[PDB]
Amino acid sequence: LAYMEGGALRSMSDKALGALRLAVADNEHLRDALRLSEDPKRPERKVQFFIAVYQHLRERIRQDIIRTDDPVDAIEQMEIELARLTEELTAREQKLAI
Amino acid sequence: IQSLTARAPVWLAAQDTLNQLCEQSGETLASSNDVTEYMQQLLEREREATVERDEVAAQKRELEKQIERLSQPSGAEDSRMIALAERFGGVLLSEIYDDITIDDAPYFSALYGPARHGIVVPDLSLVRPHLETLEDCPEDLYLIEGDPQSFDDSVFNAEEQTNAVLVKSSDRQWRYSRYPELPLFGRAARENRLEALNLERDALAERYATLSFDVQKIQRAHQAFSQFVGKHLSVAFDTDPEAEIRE
Amino acid sequence: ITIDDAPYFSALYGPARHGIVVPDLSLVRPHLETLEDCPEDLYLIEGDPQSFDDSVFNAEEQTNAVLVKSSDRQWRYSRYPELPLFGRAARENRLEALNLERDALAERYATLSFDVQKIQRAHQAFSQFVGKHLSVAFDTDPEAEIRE
């Protein structure tokens, strides 16, 4: 993005914030951090929000079965878990039927 | 300078995408040809993992089929044994011997032979009409005559031997039943054994899930590489503009 | 034995289909306790291997099935199987059909491999082009500019 004027950057930021609004509807702490982050005179808050995201995304890892501190690398582990749980669901359905 | 600046953003985005893609892999890419050999290695790993996954899946399916075969009403040839059992006022012999001990279970199973799973019908004349109708049934259906509640032991030409039983099934004909393990009769701990089968299949399913996830990961990596090359090759491995622009 | 009655013979014999024609029965009883690898429900019959008399059954023929008084209070109902243990005649045509299917699969694999080879070659040609002529690819003719 180093070679793009500021107006387009503002537009992408606006669209991303619009998406985040829907995305973080459920959470309250992340929602509050986002609501703080839009003050143009406190830029660091935005950065903090990102940290607050990753930080949060780490605590809810459920590290009991996951290890990757980086949430980006935990998508594979969640996919593994969904596949395993689909197998377990099939087994449970058969057991309930019998 | 303006030409290089115009070229810049495309090159920079390409470099970032390529770096992410390669770092995701253990290897670092340096050429279009190198990307092609990486694709070939990806295909090799995929065509391997799929074979192991299918083999594990076949083993798994066999395990669940075996587990089910022991399920209901009392683990037996319940595919048609059910209808064959309630359609006539009889009771499964295996169920009749459901509570026999694990020790007497092998002896009685060997004694009864292929007739272990038979159905007790004191008349044998209820099945006489329906016999012609039966075209969907186990290739060898077994029936015994007596009181289902208190059936008297089938009279046999039995002859017990060490961990086995000889029997004379018909004139000049002997069947020698070696004491089986984990028999048909005594279907109380056989439920425990099908539980053991479930335990066994747990690891099979775990391994199958790991193989399936590996297959999915390789597929997604290949698709990402394809999309990359679709958007990316035009500027891949080209010189850095930023240094030129600064100079 | 004939193909026609082979399913009948198999249905009649049941699990006793697989049996050894030992006219003595005396080598088994001492060795009976000595048999451990043998099939759990081993079947043995007394008869002459040179001329094996028809085995003893109280057989009644139902439509594509049989009922035999196997023993007292034991009437056994069986159906006609396919590819019976008796009358195999080496069933060589089944082997041939399986070989036909395998050979068709191999031919299909060969054709697909040839197609993959051609696709690989085309890919390598494209890579070669983009490695050596991509820079000037699709660009205009400089002769007009030179003349201008």
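Heads up: the sequence lines are chains A, B and C, in that order.
For what it's worth, UniProt numbering labels the leading residue of the first sequence as 1138, then goes sequentially.
For what it's worth, UniProt numbering labels the leading residue of the second sequence as 594, then goes sequentially.
For what it's worth, UniProt numbering labels the leading residue of the third sequence as 693, then goes sequentially.
Think of the CB as a built atom: it goes at the ideal place given N, C-alpha and C, for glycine as much as any other residue.
Coil, strand or helix - residue i by DSSP
i       : result
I712/B  : strand
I737/B  : strand
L777/C  : coil
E840/C  : coil
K824/B  : helix
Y705/B  : helix
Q652/B  : helix
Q1200/A : coil
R680/B  : coil
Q1231/A : helix
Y772/B  : coil
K761/B  : strand
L1194/A : helix
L719/B  : coil
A1139/A : coil
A1162/A : coil
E753/C  : strand
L1167/A : helix
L797/B  : helix
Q766/B  : strand
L663/B  : coil
Contact with chain C by residue i, beta-carbon distance below 7 Å
i             : result
residue 556/B : As shown, chain B starts at 594 and ends at 840. That puts residue 556/B outside it, with no answer to give.
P722/B        : no
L826/B        : yes
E837/B        : no
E725/B        : yes
Separation of residue j from residue i, as counted between CA atoms
i              : j       : result
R638/B         : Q1200/A : 29 Å
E1181/A        : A1189/A : 12 Å
residue 841/B  : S625/B  : Shown here, chain B extends from 594 to 840; a query on residue 841/B therefore has no answer.
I693/B         : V808/B  : 48 Å
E774/B         : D697/C  : 36 Å
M674/B         : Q754/C  : 20 Å
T803/B         : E655/B  : 19 Å
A1220/A        : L790/B  : 21 Å
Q1214/A        : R1195/A : 13 Å
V760/C         : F749/C  : 6 Å
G779/C         : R709/C  : 12 Å
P834/B         : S819/B  : 25 Å
residue 1236/A : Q665/B  : Summary: the structure shown does not reach residue 1236/A, with chain A confined to residues 1138 through 1235, and so no result is reported for it.
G619/B         : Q613/B  : 11 Å
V720/C         : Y690/B  : 30 Å
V603/B         : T629/B  : 22 Å
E1218/A        : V828/B  : 38 Å
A599/B         : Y1140/A : 9 Å
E738/B         : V713/B  : 6 Å
Amino acids of chain A, ordered along the chain, whose beta-carbon sits closer than 8 Å to that of residue i
i      : result
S664/B : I1235
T598/B : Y1140
Chain-ordered chain B contacts of residue i [CB-CB under 7 Å]
i       : result
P707/C  : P707 and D733
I1217/A : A802 and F806
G823/C  : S625
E1196/A : Per Cβ cutoff of 7 Å: no residues; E1196/A is ~24 Å from chain B at best.
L792/C  : Within chain B, no residue comes near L792/C; the closest Cβ sits about 24 Å away, beyond 7 Å.
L736/C  : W767 and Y769
Contact with chain B by residue i, beta-carbon distance below 7 Å
i       : result
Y769/C  : yes
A1145/A : no
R1229/A : no
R1204/A : no
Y1140/A : yes
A1220/A : yes
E1224/A : yes
Beta-carbon neighbours of residue i, restricted to chain B and to distances below 8 Å
i       : result
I811/C  : In chain order: nothing, as chain B lies at least about 12 Å away.
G739/C  : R765
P773/C  : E732
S718/C  : What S718/C touches in chain B: nothing, since even the nearest Cβ is about 12 Å away.
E1213/A : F806 and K810
Interface partners of residue i on chain C, CB under 8 Å
i      : result
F681/B : Here the premise fails: no neighbours, minimum Cβ distance about 12 Å.
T629/B : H815, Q816 and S819
Partners in chain C for residue i, counting only beta-carbon separations shorter than 7 Å
i      : result
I675/B : Within chain C, no residue comes near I675/B; the closest Cβ sits about 16 Å away, beyond 7 Å.
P699/B : By Cβ distance, chain C contributes nothing, its closest Cβ being about 10 Å from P699/B, past 7 Å.
Interface flag, residue i vs chain A, CB-CB below 7 Å
i      : result
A798/B : yes
Short of 7 Å Cβ to Cβ, which residues in the stretch 602-622 of chain B face chain A? Answer set for the stretch 602-622 of chain B: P602.
Anything in the stretch 632-645 of chain B with a Cβ closer than 9 Å to a Cβ of chain A? List those residues in chain order, please. Of all residues in the stretch 632-645 of chain B, none has a C-beta nearer than 9 Å to a C-beta of chain A.
Below 9 Å between beta carbons is the criterion; list the residues of the stretch 741-758 of chain C that meet it against any residue of chain B, in chain order. Cβ contacts with chain B: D745, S747, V748, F749, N750, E752, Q754, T755, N756 and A757.
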